[PDB]
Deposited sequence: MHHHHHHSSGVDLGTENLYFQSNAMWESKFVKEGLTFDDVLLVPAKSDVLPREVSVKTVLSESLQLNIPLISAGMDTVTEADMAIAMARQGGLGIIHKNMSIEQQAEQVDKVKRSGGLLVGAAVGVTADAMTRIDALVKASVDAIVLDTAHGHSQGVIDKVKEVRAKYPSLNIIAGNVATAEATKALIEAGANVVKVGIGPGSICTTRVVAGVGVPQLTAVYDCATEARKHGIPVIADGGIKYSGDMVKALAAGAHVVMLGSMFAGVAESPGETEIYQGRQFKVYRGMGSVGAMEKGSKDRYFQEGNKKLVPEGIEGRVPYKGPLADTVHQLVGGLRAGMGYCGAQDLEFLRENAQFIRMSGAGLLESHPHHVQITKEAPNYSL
């Protein structure tokens, strides 16, 4: 009947994102240079740094995955290519000294065929990427892959609620990817009206996944290295970055001079440009440019450096302590203005602030 308790709970929940909070410094006994940033995603997947490059056609291919793995991270080779081409990218990364590599797979009828070639190429993890992870199609596809490959690392997403996280874990997924709408090139929340603020989404999903011993991945919305520290402190084992990697030298594509500086193309996989590469349509992403940042090593050094400093401020020896003990404090828009530089004209741009 009309006894709709859902009607009066429509506007009950509240959500927080990175710019809403700060990490509260605590007693510390460990220097930043001696903290442990290693993380374990499964029994056959350990990362020395908690950084994964996104599986997008302007972010990660073979050269990016090789450079990411040599930094201690992981690269997800995108799926906007043929099955044999993607397997050739995976095989190229594997032969380069026994490095880790991942590959993205869509939820289509041809998914099992693509996963077969990736497993034959000795892929370490597949990423069942989709816009709405909490669908029956993704759930059924996780179970079919789990039955065929019991020892394969499966990364499933994207989700933003605890119930969605529970459904993917009991379907076979050993890693859950969190993020509906936070991406720098994403318009899902604008054209569809759906999303969860990324920090609340990471906290709600990690709350459910910690009951089963499953890690979660913070995917999208990270603009500065401090946002990565907040995502890990909110419960995530590892973060996935797109915009902060699209400008590095190992990224696909060359440099074009724009506004007098070198720029690189960065576009969403749900944009018009990306969807036509693998084919009106209602897009959920945009196309654009990010500044050129030189080699990947210089960017990863700044990222890890900011994490080590933040863990020093919080007294975290390893990521598990930060995940379980770090406390936040909420601030208003005025607090954000105070957090950034203010009332001073910046002359030289810093390696970690633009």
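Where the model has no C-alpha, note the corresponding stretch of the deposited sequence, numbering from 1.
Residues lacking C-alpha coordinates: 1-19, 299-308, 384.
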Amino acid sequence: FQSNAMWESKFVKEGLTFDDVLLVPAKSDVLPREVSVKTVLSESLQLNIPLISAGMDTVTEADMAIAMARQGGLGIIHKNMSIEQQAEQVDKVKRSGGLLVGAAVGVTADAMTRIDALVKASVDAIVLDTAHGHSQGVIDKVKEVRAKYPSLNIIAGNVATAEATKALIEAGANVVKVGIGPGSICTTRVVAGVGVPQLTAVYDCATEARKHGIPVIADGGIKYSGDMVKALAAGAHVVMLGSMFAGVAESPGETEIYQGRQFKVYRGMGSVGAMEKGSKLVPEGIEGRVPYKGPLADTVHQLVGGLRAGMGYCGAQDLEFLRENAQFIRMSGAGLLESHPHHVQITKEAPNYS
From here on, numbers count along this sequence of modelled residues.
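Look up the CA B-factors in the entry and say which stretch, 252-260 or 232-240, has the higher mean.
252-260 has the higher mean C-alpha B-factor.
Which is higher on mean Cα B factor in this entry, 133-141 or 202-210?
For C-alpha atoms only, the mean B-factor is higher in 133-141.
Which of these, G102, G98, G193, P197, has its C-alpha atom at the highest B-factor, as the entry lists it?
Highest C-alpha B-factor among the listed options: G98.
Quick one: which of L51, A309, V59, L45 shows the highest Cα temperature factor in the PDB entry?
Most elevated C-alpha B-factor of the set, per the entry: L45.
Grab the CA temperature factor for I155 from the record and place it in the lowest, middle or highest third of its chain.
For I155, whose C-alpha B-factor we compare with every modelled residue in the chain, the answer is the lowest third.
What third of its chain, lowest, middle or highest, does the C-alpha temperature factor of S36 fall into?
Answer is middle: the recorded C-alpha B-factor places it there.
Could you look up the Cα B-factor of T165 in the entry and say which third of the chain it sits in: lowest, middle or highest?
Middle third - that is where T165 ends up once the chain's C-alpha B-factors are sorted.
Comparing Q345 with the other modelled residues of its chain, is its CA B-factor in the lowest, middle or highest third?
Tercile = highest for this residue's CA B-factor.
Among the modelled residues of this chain, does the Cα B factor of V216 put it in the lowest, middle or highest third?
Bottom third by C-alpha B-factor.
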